[PDB]
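Letter by letter, the chains look like this.
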Amino acid sequence: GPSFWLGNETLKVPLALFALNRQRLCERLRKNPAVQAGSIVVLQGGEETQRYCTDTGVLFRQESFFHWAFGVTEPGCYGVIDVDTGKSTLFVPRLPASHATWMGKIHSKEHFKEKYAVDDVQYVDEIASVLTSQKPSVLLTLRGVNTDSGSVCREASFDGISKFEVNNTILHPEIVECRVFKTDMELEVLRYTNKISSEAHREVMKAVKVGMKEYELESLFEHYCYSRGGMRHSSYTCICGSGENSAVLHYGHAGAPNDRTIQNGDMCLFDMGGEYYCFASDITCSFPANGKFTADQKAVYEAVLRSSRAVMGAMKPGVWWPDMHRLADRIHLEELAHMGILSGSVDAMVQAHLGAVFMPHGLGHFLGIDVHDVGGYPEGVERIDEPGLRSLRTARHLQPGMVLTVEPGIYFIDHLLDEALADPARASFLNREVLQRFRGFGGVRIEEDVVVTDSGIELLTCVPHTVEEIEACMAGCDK
Amino acid sequence: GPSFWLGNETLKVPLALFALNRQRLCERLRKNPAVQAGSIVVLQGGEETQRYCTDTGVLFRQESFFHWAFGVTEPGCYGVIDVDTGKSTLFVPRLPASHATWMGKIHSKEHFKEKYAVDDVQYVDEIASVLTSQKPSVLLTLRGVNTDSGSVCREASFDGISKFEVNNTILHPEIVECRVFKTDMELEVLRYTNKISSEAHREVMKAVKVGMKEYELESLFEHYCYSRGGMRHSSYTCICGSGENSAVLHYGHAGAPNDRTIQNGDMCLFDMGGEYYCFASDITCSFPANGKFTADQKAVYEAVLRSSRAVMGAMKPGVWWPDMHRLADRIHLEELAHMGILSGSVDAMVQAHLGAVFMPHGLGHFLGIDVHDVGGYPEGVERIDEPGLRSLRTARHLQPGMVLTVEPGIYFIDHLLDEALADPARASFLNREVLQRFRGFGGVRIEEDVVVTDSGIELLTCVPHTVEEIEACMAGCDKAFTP
Ligand SMILES: [Mn+2]
Ligand SMILES: [Mn+2]
Ligand SMILES: [Mn+2]
Ligand SMILES: [Mn+2]
């Protein structure tokens, strides 16, 4: 069948990928005791937007649920699925013949059916009539709470929908659960997005020079991903933190727009991931700006490399993800004690939650069409109310087909360090004379993307992540 | 005073630029007979957004009016200006100390006062109290209709605003009019945005190779503008049309995303413009994919170059912009007849609106903080209901300080050509025997940005736009080389 493709060496993504998702959703919905016969899933795609009140067009990126079901790149569409048969109907906007002048060629409905391999194509202005003809019991629309944003999903609406019986509770948890488990076709896309972004990270590491602005590497990374990978979008705003900014978790946004000059002796923490056809990648490389780890930098780096490798080696079906976060905490504390920053019983440090002083974020998260992918906290899965652990984006047990980031880090964040130093329960573990040397160190994060298999994980990321690989890469060495 | 700056070779933009805008707005409002004493301008900045229902953050770009007045890059702010004194107060979000964990240093209000050179800085949640203490007569908020989008500007609102007298009619036309006329400090930025985008266009022309995807040049252009110009944004989505796509005026959107392979013999029409500190640039370069104009390509290009040169030579204060559009139409029709594509009386062709078949868009538009800048159709300036002219984004007379695109073009759009061939009023002018040769030709546009001066225009753009410069550039000649 047909495939999405941007030419050159970019990946061909079969449109069958989305037909399988539609089928998987129907199978799950048929098992749901509350789903009536003759139900129709109704999803609304994203619409074209502009900057505020201007006519400056914003580059359109499809809504993630709609993309998962249909893979449609055009704005203004709807898509419905007959639950009982799996029959898919795409609704495209009716463009007046006069629009050839400005937007391009006016494609027939037949063109879109062939392009997307759906069962039928109708015009958006006919959606009520078309749906009325099928005499559905109820329309299943999308409404739920994204557990990372707190936002409520946009439920489909169209002119005349009030004449139908609409259920907006059943769909969200089912289609979320389908997204948690990636098909082999989806994994192929995630292998590709990791390949391109890994190559881009390698190019950025080769190019970093003392005296450059952080954003020079952001530009380079995105240029590689687009020109070489066909990735017009990034999965998230590039985080190009150097020096003290490598300790700033929320760095690179408009308020801190990657505008610092890289200085000799700085650590760099570059967290960047290209997006291909609305599929994410999420990779972090930390390294010395001048290509040579100091002893202090090497010690901090290898502590995170130890926890990274320990987590990946332990991951397999049945593992509780919060246990992996605790494993990384314990290893960080062991290594920070070895370094002399900490002293005392590591068991006692764990009881005091000292790990979270150095890694306040979650160990990792589901990844997919969204970089922080859906389904981390379905009903019955509770958030853990402890420092560090409460920031985990899922408290689920691992299962095959899940895709997770593994991104332990250690950071020296003055606000957390000072709070711990004022707490007698934690101050005792800290050796100020050594810690002072690491004030302003910044931080180290090592992030990989992995798939849970039947027996362990598959590593998708391929970047230089050992000290030897990093220093060799940055000195212009081959291989 | 302080300056916005992204290091390296990027432009230092004094924050005094925005102080001047605030002062100019206050002077205009003080002259306004309907503005009450003790009035306060209240603008609401843009807020942080995400993709749909996800937590995927969208890179924040400031709202244009708010940027014009204050130059603030942070989301979540408000800004007020006391009309009578000019006193400026920036309101910034109150971040709880616990956000350092993720945010680093949480900047003090003093930091923002020094950063932006405003008279006072307060927290957003105190705006109601702060304004109550100043005992304003009226709050002047922003509401009006953008004449390019049809959208209504977002009026400032905050909890407690109903306790104040609010006027939402006076401000919009005044602040729009202030934006129409660019200050010397603003021109320095628009000169810079044109400089960077011109260099990027040159790099793209040097790098274009038959067999590349259009988007490879889009990526290259944006990479140059950001890495070398500090332009994190483009002024608009890049239009990288090759072959038949050069005839597609709004090409490159998600539905047609610059994904065609450039083939030998194609014309390329690349309309790309970097944005620096929310200031626009807007440039189009047309050129042969293989670096050598054919006779047909050369003829069409020079026809558009003739109309561009004539318009720029004629532009000066007092000139009616629609007259410039008609001038370009007439020159296009004359040259297309000289080519053999058209035959007959050009006077007859003009009366028939034949120009619009070949240039269906407007000749050019105001440019500024927005690429299609505000103020083209203030009250009492009417859109002209004719082909081509109805697409003009202003029907105003030129005055010094205005910034305009000059972007004539000729395109071979089958839809329009066939319409003309089915119209007895127009069909006779077309010579199919020659016209057939130009079906699928694509199109040529030559777009530059200019400033209206006291007596004419200043050229902001510096790209290869003659046939000789273009072939020279694509053959790797240096920018200094004079062909
Ligand atoms: Mn990341
Ligand atoms: Mn991540
Ligand atoms: Mn343009
Ligand atoms: Mn333009």
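Residues numbered from 1 in each chain as written, not as in the entry; some residues may be left out. Chains lettered and ligands numbered in written order. Heavy atoms only, no water.

Per the deposited record, X-ray crystallography is how this structure was determined, to a resolution of 1.99 Å.

Scanning chain A from N- to C-terminus turns up 16 helices and 18 strands. For 479 residues, the compact-globule formula gives about 23 Å, and the C-alpha radius of gyration of chain A, at 24 Å, lands near that figure. Principal-axis analysis of the C-alpha atoms places the extent of chain A at approximately 75 × 50 × 45 Å. Across the 479 residues in chain A, those meeting the buried criterion constitute 59%. A separation of at least 24 residues holds for 74% of the contacts in chain A among residues at least 6 apart in sequence. Counting only carbon and sulfur atoms, one obtains 49% of the accessible surface of chain A, whose full area is about 18,200 Å². Both charge centroids of chain A, one from 46 positive and one from 64 negative side chains, sit 2 Å from each other. (Helix = DSSP H or I, 4+ residues; strand = E, 2+ residues; numbered from the N terminus. Rg over C-alpha atoms; globule rule 2.2 N^0.38 Å. Buried < 20%, exposed > 50% of the residue type's maximum accessible area, 1.4 Å probe, protein only. Contact = heavy atoms within 4.5 Å. Areas by Shrake-Rupley, 256 points an atom, 1.4 Å probe, with all protein chains shown as cover. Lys, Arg positive; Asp, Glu negative; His and termini not counted. Charge placed at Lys NZ, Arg CZ, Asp CG, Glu CD.)

Residue and element names in this part refer to chain B. The sites that UniProt annotates as "binding site: Mn(2+) 1" are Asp-271, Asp-282 and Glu-447. Of the residues just listed, which span 177 residues, no C-alpha pair is farther apart than 8.1 Å, and they cluster in one region. As for its placement among the helices and strands, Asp-271 is situated in strand β13 (residues 267–272). Assessed through its relative accessible area of 5%, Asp-271 is described here as buried. Contacts of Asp-271, omitting those with residues within four sequence positions, involve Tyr-236, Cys-238, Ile-239, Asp-282, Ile-283, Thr-284, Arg-445 and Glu-447. A distance of 2.5 Å separates the side chain of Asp-271 from the side chain of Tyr-236, its partner in a polar contact. Along the chain, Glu-447 falls in the loop between β18 (443–445) and β19 (448–452). (UniProt positions renumbered as here; feature names shortened; annotations may be inferred. Polar contact = N/O pair within 3.5 Å; in protein donor to acceptor, adjacent residues only side chain to side chain.)

Once that is clear, we can look at the nonpolar core. Nonpolar side chains in soluble globular proteins tend to be buried together. Residues and elements named next belong to chain B. Core analysis: the largest hydrophobic core is formed by 142 residues, its most contacted members being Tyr-276, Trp-321, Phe-358 and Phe-412. Ranked by the residues each element gives to this core, the list is headed by helix α7 (residues 184–207), at 8 residues. Taken domain by domain, this core gets at least three of its residues from each of domain 1 (1–180) and domain 2 (181–483). Those residues in contact with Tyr-276 that lie beyond four places of it in its chain are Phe-4, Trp-5, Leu-6, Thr-10, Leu-11, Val-13, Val-189, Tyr-192, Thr-193, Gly-229, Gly-230 and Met-231. (Core = buried A, V, L, I, M, F, W, Y, C linked by side-chain atoms within 4.5 Å. Domains from an automatic or database assignment.)

Below, the discussion takes up unusual backbone geometry. Phi is positive for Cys-278 of chain A, which is not a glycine, with a value near 65 degrees. In this fold, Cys-278 of chain A is placed in the loop between β12 (274–275) and β13 (283–288). For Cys-278 of chain B, which is not a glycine, the phi torsion comes out positive at approximately 65 degrees. You can see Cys-278 of chain B is positioned in the loop between β14 (274–275) and β15 (283–288). The exposure class assigned to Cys-278 of chain B is buried, which follows from its relative accessible area of 9%.

All names here are of chain B. Coordination of the manganese ion (ligand 4) by the protein involves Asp-282 (OD), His-365 (NE2), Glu-407 (OE) and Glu-447 (OE), with metal-donor separations of 2.3 to 2.4 Å. A distance of 3.4 Å spans the gap from the manganese ion (ligand 4) to the manganese ion (ligand 3), which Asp-282 bridges by coordinating each metal. Residue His-365 is located in the loop between α12 (355–358) and β16 (403–406), and its partner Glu-407 is located in the loop between β16 and β17 (409–411); the two are separated by 42 residues in the primary sequence. Residue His-365 is classed as buried on the basis of its relative accessible area, which comes to 4%. Take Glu-407: its relative accessible area is 8%, and that puts it in the buried class. (Donors = N, O, S within 2.8 Å, 3.2 Å for Na, K, Ca; no water.)

Residues and elements named next belong to chain A. Within the open sheet, the 3 strands sit side by side as β14-β17-β18. Their pairing is antiparallel. Sheet topology places β14 (403–406) and β18 (457–459) at the edges, where each strand pairs with a single neighbour. Here the average twist between neighbouring strands, direction ignored, is 35 degrees. Where strand β17 (residues 448–452) lies against β18, 3 bridges are found, and the strand directions are antiparallel. For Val-452, the partnering residue across the bridge sits in β18 and is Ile-457. (Pairing = 2+ DSSP bridges. Axes fitted to C-alpha atoms, helices over the stretch in contact; angles between N-to-C directions.)

The next thing to look at is the packing of helix α1 (residues 16–30) of chain A against helix α7 (residues 184–207) of chain A. Residue and element names in this part refer to chain A. For the pair α1 and α7, the least separation of the axes is 9 Å and the interaxial angle reads 135 degrees. In terms of their interaxial angle, α1 and α7 are classed as oblique. When you trace α1 past α7, the crossing you get is left-handed. Across the interface between the two elements, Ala-16, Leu-17, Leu-20, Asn-21 and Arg-24 of α1 pack against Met-185, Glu-186 and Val-189 of α7. Grouping the constituent residues of the contact of α1 with α7 by class yields 5 nonpolar, 1 polar and 2 charged. (Parallel < 35°, antiparallel > 145°, perpendicular 65-115°, else oblique. Left-handed = near helix turned anticlockwise from the far one by under 90°. Nonpolar A, V, L, I, M, F, W, Y, C, P; charged D, E, K, R; others polar.)

On to the UniProt feature "binding site: Mn(2+) 2" in chain A, then. Residues and elements named next belong to chain A. Taking the numbering used here, the UniProt-annotated feature "binding site: Mn(2+) 2" corresponds to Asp-282, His-365, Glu-407 and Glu-447. A maximum C-alpha distance of 10.8 Å places the annotated residues, which cover 166 residues in sequence, within one compact spot. Summarising the element assignment, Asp-282 is placed in the loop between β12 and β13. Aside from chain neighbours lying at most four places away, what touches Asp-282 is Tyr-236, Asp-271, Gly-273, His-365, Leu-367, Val-371, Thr-405, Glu-407, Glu-447 and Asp-449. There is a polar contact of 3.2 Å between the side chain of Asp-282 and the side chain of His-365. Relative to the helices and strands, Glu-407 resides in the loop between β14 and β15 (409–411). Judged by its relative accessible area of 8%, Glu-407 is buried. Once residues within four sequence positions are removed from consideration, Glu-407 is found in contact with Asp-282, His-361, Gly-362, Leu-363, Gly-364, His-365, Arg-445, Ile-446 and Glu-447.

Right, let's get into helix α6 (residues 171–180) of chain B. Among the 10 residues that make up α6 of chain B, 9 are buried, leaving the element largely enclosed by the rest of the structure. Turning to α6 of chain B, the residues buried within the fold contact α1 (16–31), β3 (40–44), α2 (64–70), β9 (139–140) and β16 of chain B.

Bringing the interface of chain A and chain B into the picture now. With 73 residues of chain A in contact, the opposing surface of chain B contributes 76 residues. Across the chain A/chain B interface, buried area totals approximately 5,700 Å², and carbon plus sulfur atoms make up 55% of it. Between chain A and chain B we count 6 salt bridges in total. Across the pair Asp-55 of chain B and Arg-393 of chain A runs a salt bridge, and its minimum N-O distance is 3.6 Å. Residue assignment for the side of chain A that touches chain B shows that the elements contributing at least two residues are α2 (64–70), α3 (100–103), α8 (214–229), β9 (233–234) and α13 (414–421) of chain A. (Buried area = accessible area lost by both parts, 1.4 Å probe. Salt bridge = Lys/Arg side-chain N within 4 Å of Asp/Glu carboxyl O.)

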